[PDB]
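The data below hold one chain only, encoded as structure tokens and taken in the form deposited in one PDB entry.
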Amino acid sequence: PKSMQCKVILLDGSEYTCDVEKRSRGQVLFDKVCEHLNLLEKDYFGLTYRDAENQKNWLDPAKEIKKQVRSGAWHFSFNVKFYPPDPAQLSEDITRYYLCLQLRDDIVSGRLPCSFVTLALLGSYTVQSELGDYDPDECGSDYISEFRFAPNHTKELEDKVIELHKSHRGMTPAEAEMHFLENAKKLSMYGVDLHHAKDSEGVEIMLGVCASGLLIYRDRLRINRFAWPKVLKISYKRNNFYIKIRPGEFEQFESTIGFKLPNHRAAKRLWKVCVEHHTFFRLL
């Protein structure tokens, strides 16, 4: 029974290596990673791989790994797939811990924009969780943390993390992680998966996929939001992605909004992430 080596980048940046039979479905590898992580609330998470075009794809747990990675290396990342709108309702602290690690990467990467004060507050909770109570011994007037807090670090930000860290004395790691999440969950791009697209007129837009629904980021002055309930049907054809928006009370017919994606694979990927979010956040 021939087995393939799998390498998984974990949310703390470490590498997990295991073997699965070469015809294994994605669920097999995911179960091994989740067991390694002592993770029970697995429904929020998944594995990503980089395709032949170098795009992030979700590993479908129901299909063969080899029919997804195809010509590519069996190299994966462990990631949050469905960001819970209310992390306080997760049953386990260890779930909230992995969600914090993902969000720290979302922030450092610039995928999750954040004001100066929120960067410092989030950073202060991470430090409290990771190091415990503020200690002046490790912190002189010139201190710079090993922790990555932001896409661009400044001495002012490092100072503000320390000032807020001082206020968290006696906070336990679970407590600091919960505070981190109560702040992060409110950010306007929390849990938003962004896709480049063009509207029916050829104007460059971004489509965002999240728990609440679909966002079309057009102008800055113009952001259209379609709650999942308002979305009747999702479809793709060639390079195009279509949503069917319900009739408002007393209107005879649904409206169709069409988008042009860069290529057919980008359209299918957007379609699948929308279907999965629609299903997940219809049940939650």
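A residue's number is simply how far along the shown sequence it sits, counting from 1.
Just so it is clear, the following notes concern the form solved in complex with a small molecule, a form of the same protein that is not shown.
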>> Can you work out which of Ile94, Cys139, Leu157, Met206 has a heavy atom no more than 4.5 Å from the small molecule in the entry with it bound?
In response: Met206
>> Taking the small molecule as it sits in the entry with it bound, is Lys32 near enough to touch it, meaning that at least one heavy atom pair lies within 4.5 angstroms?
In response: no
>> Can you tell me whether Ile162 touches the small molecule? I mean in the entry with it bound, with a 4.5 angstroms heavy atom cut-off.
In response: no
>> Check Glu254 for me: does it contact the small molecule in the entry with it bound (non-hydrogen atoms, 4.5 angstroms)?
In response: no
> Any of the heavy atoms of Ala150 lying within 4.5 Å of the small molecule in the entry with it bound?
Replying inline: no
